[PDB]
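Listed next as structure tokens is one chain, alone, in the form deposited in one PDB entry.
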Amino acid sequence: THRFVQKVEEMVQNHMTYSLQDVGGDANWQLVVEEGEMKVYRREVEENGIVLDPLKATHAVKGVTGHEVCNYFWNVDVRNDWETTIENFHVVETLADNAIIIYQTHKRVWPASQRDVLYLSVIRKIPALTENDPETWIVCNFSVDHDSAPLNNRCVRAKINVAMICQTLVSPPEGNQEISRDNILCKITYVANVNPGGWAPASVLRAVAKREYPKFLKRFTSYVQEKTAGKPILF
């Protein structure tokens, strides 16, 4: 129990309600990148030079579970093993054993000023209510205010709302035998809503995002495969 419990609930529920809705039929969402089971879509949104482009990606990763995926996405001790867009980060506050507040600076992209971000990062399990309701593991990373990290004059403060949402499919093997990682697949939906917090050139933001989101999703998912391949399956 902590002062951000209701905000956590709010963000989790929003993501379970809206982030899992199909965008495939919406004229405003475009398939920007596809590779293997990975599809990255974007809706181009610019409001008075504030480029908000909502981003949504789906992926299907063999040999890993949603619990595993969300653990490696959330766990700060393995962050630098896969993250490539950050200059530095540190934990500002531990709120609960599944919830922390992180301050991070991003690598500068010319010609825009450097961005920093201040966000609550929470990992949650959403129980299946019925058999056939998928169990869902989710990590929500969303900007919050914290007195220890006011606006500074060195960076533009971005605001983020990101979720990594995972459901795991197990194909029953032949009879009474072990479920191997060949029999498991993690369905991922990744969404990112980023307000750069200030003016940025749209064409540059868009080129970066189109390169960087796909790069992250391949690298991060391959990483989870690599770290887990030897291990017993954590469902």
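Heads up: residue numbers just count along the shown sequence, starting at 1. Here the rigid core means the biggest group of C-alpha atoms that line up within 1.5 Å when the two forms are laid on top of each other. Shifts are known only where both forms have a C-alpha.
Here the subject shifts to the form deposited with a partner chain bound, a form of this protein not shown in this document.
In terms of contact with the partner chain in the deposited complex, the residue from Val45, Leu169, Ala202, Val208 that brings a heavy atom within 4.5 Å is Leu169. This chain is displayed alone, yet in the deposited complex one of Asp77, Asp97, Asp145, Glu131 has a heavy atom within 4.5 Å of the partner chain; that residue is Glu131. Annotated contacts: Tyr72, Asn88 and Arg124 are all free of the partner chain in the deposited complex [non-hydrogen atom within 4.5 angstroms]. In short, of 176-184, 47-55, 27-35, 192-200 it is 176-184 that has heavy atoms within 4.5 Å of the partner chain in the deposited complex.
Within this chain, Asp116 is remote from the site of the partner chain in the deposited complex, having no heavy atom within 4.5 Å.
Residue contact with the partner chain in the deposited complex: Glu93 places no heavy atom within 4.5 Å of it. Just a single entry of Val45, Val208, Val170, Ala60 exceeds or equals a 2 Å CA shift between the shown form and the other one, which is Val45 (rigid core superposed). Relative to the shown form, the Cα atoms of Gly49 and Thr105 move apart by 3 Å or more in the deposited complex.
Legend note: Cα of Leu120 to Cα of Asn48 is at least 3 Å closer in the deposited complex than in the depicted form. Superposition on the rigid core leaves 25-28, 45-51 as the runs of at least three consecutive shared residues whose Cα positions differ by 2 Å or more between the shown form and the other one.
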